[PDB]
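Take a look at this single chain, the form deposited in one PDB entry, given in structure tokens.
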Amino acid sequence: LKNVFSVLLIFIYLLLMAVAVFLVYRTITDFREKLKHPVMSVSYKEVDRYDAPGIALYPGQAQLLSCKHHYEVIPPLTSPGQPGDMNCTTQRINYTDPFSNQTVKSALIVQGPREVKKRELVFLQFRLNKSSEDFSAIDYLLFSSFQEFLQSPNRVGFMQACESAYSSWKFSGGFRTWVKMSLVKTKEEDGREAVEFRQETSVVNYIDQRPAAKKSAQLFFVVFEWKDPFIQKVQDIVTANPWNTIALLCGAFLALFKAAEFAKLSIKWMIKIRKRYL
């Protein structure tokens, strides 16, 4: 009975120590989250399948020509500059620019590839007969998930928040750019997880054998693909790996207890020395 009660008391005291360490760690985290610009760590996590991203195009006057999903290969085009073979989950929304409130931007959101293991990719074609601009390009930005946008209650605000995110790029005209997008998730101290993208473009020239009559119009090609299944995650160094902080706190508490034992021994030793001397 004494042995089993001692084991139970061991469990109780271990639980009490765990609770104390947890409270101290929570206090440390609550104090950290108040300060701005903390040191953040990097953690990767491979995923078998990606969540479907959203590719918000900005054709403007350009007309979407063809959208199709392919796997690790692009079949030769049947006829450039001709519509058809279009089936992508495309949602059309347009809103005021958060930066310049005076201008409204038309956004074409296309569901991105999700089977990274199968090298799934999305191929888009655009056409523009007449253009008055020095540079021919279409803006596009990538956000975390297409489903979140689809079921979002405030669609306009979500797109403005995406514009605030740093994932905007361009692709040229007369070239087919292969975009290998990478996902980077950063967790803010407030709790929200901001998402930004990294890309590795591969610009490829497009050779056109079409008659000189139609050469005035310019064709835009772009391919979106996940570079690697790994997802970069950025978080506060203390919060990202709490086990290091827990180990440090346990070491500090054990050092304090050892110091208490040392003091208890030393006071007895000095009392004995004083009694022997006087």
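Residues carry their position along the shown sequence, with the first being 1. Each form is matched to the other, and the largest set of C-alpha atoms that superpose within 1.5 Å is called the rigid core.
A second form of this protein, the form deposited in another entry, is not displayed here; the remarks below concern that form.
- Compared between this form and the one not shown on the core, the listed residues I231, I246, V223, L64 keep their C-alpha shifts below 2 Å, save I246.
- Taking the rigid core as fixed, one finds a CA shift for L35 of 2 Å or more between this form and the one not shown.
- The two forms, fitted on the rigid core, differ between this form and the one not shown by less than 2 Å at the CA of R198.
- Relative to the superposed core, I207 shifts its CA atom by less than 2 Å between this form and the one not shown.
- In that other deposited form, the Cα atoms of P76 and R49 sit 3 Å or more nearer to each other than they do here.
- Compared with the form shown here, the C-alpha atoms of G81 and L77 sit at least 3 Å farther apart in that other deposited form.
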